[PDB]
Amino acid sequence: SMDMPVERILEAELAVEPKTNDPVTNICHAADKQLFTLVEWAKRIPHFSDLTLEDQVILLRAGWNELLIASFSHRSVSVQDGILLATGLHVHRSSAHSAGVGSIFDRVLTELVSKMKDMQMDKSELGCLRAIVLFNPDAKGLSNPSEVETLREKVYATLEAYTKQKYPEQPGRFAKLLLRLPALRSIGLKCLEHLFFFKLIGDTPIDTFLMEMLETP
């Protein structure tokens, strides 16, 4: 659309392309660094910056975990049996299992990375799905859920027109993209539970911004 151009959503993804032995430490370090980049990404999504500060805070607090998982999952389509962090470090399945986080790591590989790889999800499609996650009209405390709802609607109208234009032979492509969002939600929730345990037990360095996101709403 003119109100939510797919060009601008792609530009937001392109703008944030990046330059110990516990994989959990390495992932937590990368998450803190990427929370800084995530704010800059959100600001490049059309209309996000025109929301009230309170509503911007609410949407990034509600969405950050899913938004980071979508990004590293899509970054990892070229990797065999592993993830590529924004830090340029790789995490292999064998390390994840050896660190006590095998199950969730396998869910990331099986439900997200391999499915992104199978359909060859492009950065315009990832950007849109991340903008849908961001514009979460269910997020508690929103001053005006209606306007967040209409921003979500503009993004998914833009996504569907993009999939029809670029992939006219894949009539189900739009549906298929939206149907990775439940898995992303589920994986998000399990990752969060891991993070809270790492915090509770100590023995994982957690930097200021990741710490802040884990401090109660």
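Each residue number is its position in the shown sequence, starting from 1.
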(request) Between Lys19 and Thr20, determine how many residues of the deposited chain lack coordinates; answer none if the chain runs continuously, otherwise 1 to 3, 4 to 9, or 10 or more. (result) 10 or more
(message) On mean Cα temperature factor in this entry, is 82-90 or 126-134 the higher one?
(response) 82-90
(request) Select between 189-197 and 202-210 the stretch whose C-alpha atoms have the higher average B-factor in the entry. (result) 202-210
(message) Ranking the modelled residues of this chain by C-alpha B-factor as given in the entry, is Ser76 in the lowest, middle or highest third?
(response) lowest
(request) Check where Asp50 lands among this chain's C-alpha B-factors and tell me if it's the lowest, middle or highest third. (result) highest
(request) Could you tell me which third, lowest, middle or highest, the C-alpha B-factor of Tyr167 occupies within its chain? (result) highest
(request) Sort the modelled residues of this chain by their C-alpha B factor and say whether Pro145 lands in the lowest, middle or highest third. (result) highest
(request) Would you mind checking where the Cα B-factor of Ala99 ranks among the modelled residues of its chain, as the lowest, middle or highest third? (result) middle
